[PDB]
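Structure record follows, encoded as structure tokens.
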Amino acid sequence: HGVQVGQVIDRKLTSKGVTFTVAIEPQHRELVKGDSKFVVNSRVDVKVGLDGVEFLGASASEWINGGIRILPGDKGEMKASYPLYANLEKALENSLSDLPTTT
Amino acid sequence: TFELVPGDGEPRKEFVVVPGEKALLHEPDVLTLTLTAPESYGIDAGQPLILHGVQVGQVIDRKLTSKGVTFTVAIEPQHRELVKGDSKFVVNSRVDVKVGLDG
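Each protein sequence line maps, in turn, to chains A and B.
First residue of the first sequence: 57, per the numbering used here; consecutive thereafter.
First residue of the second sequence: 1211, per the numbering used here; consecutive thereafter.
Pasting the structure below:
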């Protein structure tokens, strides 16, 4: 919600991909609500058009800050691993793959 | 540097020192307001309050709750009479650009 509640501790590169270990302060520990989402805010996206022009990803303060945005949830059990989504649209669609599934 | 602001009343020999951030909060006349928002909108605790292009106040602090974000702000007594309580507060921390054929 625009407020810094944590900090990325470390990053490791493996064969499968990249694993980030992050920490959340105890003050906002109760607001995590484990059934939540994490979104990348380190890249800016600009879309232009005749009627729809948008500037997503990160604002100027968000671009100079960077980091990970947290989309909170309602009720969860705080599982260990979490996925990281490339952009907002994929997070909303709950799609963790570039190509959508065939139907 | 210790700065002295004289007052009036019975003489005293003990004082409580407040930081410079809270200096406006401890003035004899000051208008303290609490305003809520679902998002921080990138507003810190040192941002000013602007009326007609003139700074008339200063944001004192920001707190994050479950419902949202609450800002406590202060208005100087000089412009206390110009507040006119049935008033509105608008975010000025983000810029918006709308393009079009004519507008």
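Where is the CB? At the ideal position from N, CA and C, for every residue including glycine.
Would you kindly work out how many angstroms separate the C-alpha atoms of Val95/A and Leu140/A, rounded to a whole number? 6 Å
Run of the beta strand (DSSP E) containing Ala1284/B, from where it starts to where it stops: 1279 to 1285
Measuring CA to CA, which of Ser137/A, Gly105/A, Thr75/A, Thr70/A is closest to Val1309/B? Nearest option by C-alpha distance: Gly105/A.
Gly129/A CB to nearest chain B CB: under 8 Å? The beta carbon of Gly129/A does not come within 8 Å of any beta carbon belonging to chain B, so the residue lies off that interface.
Going by C-alpha to C-alpha distance, which of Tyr1251/B, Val1226/B, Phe1281/B sits closest to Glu118/A? Comparing Cα positions, the closest option is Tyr1251/B.
Alpha carbons only, please: which of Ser1276/B, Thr1280/B, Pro1248/B, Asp1312/B is nearest the one belonging to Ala1255/B? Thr1280/B
If you measure from the CB of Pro1216/B, is any heavy atom of the ligand PLP nearer than 7 Å? Annotation note on the ligand PLP: not contained in the displayed structure, which lists no ligands.
Please return the same chain residues whose Cβ sits closer than 6 Å to the Cβ of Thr158/A, not counting the five positions on each side in sequence. none
Taking only the alpha-carbon atoms, compute the straight-line gap between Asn97/A and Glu149/A and give it to the nearest angstrom. 17 Å
Between the beta-carbon of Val78/A and the beta-carbon of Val64/A, is there less than 8 Å? Yes, they are a contact pair.
For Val95/A, decide whether its Cβ has a neighbour in chain B, counting only Cβ atoms nearer than 8 Å. no
From what residue to what residue does the beta strand (DSSP E) around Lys135/A run? From DSSP, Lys135/A is part of no beta strand (DSSP E); its letter is neither H nor E.
Specify, as a first and last residue, the run of the alpha helix (DSSP H) that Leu144/A falls within. 144 to 149
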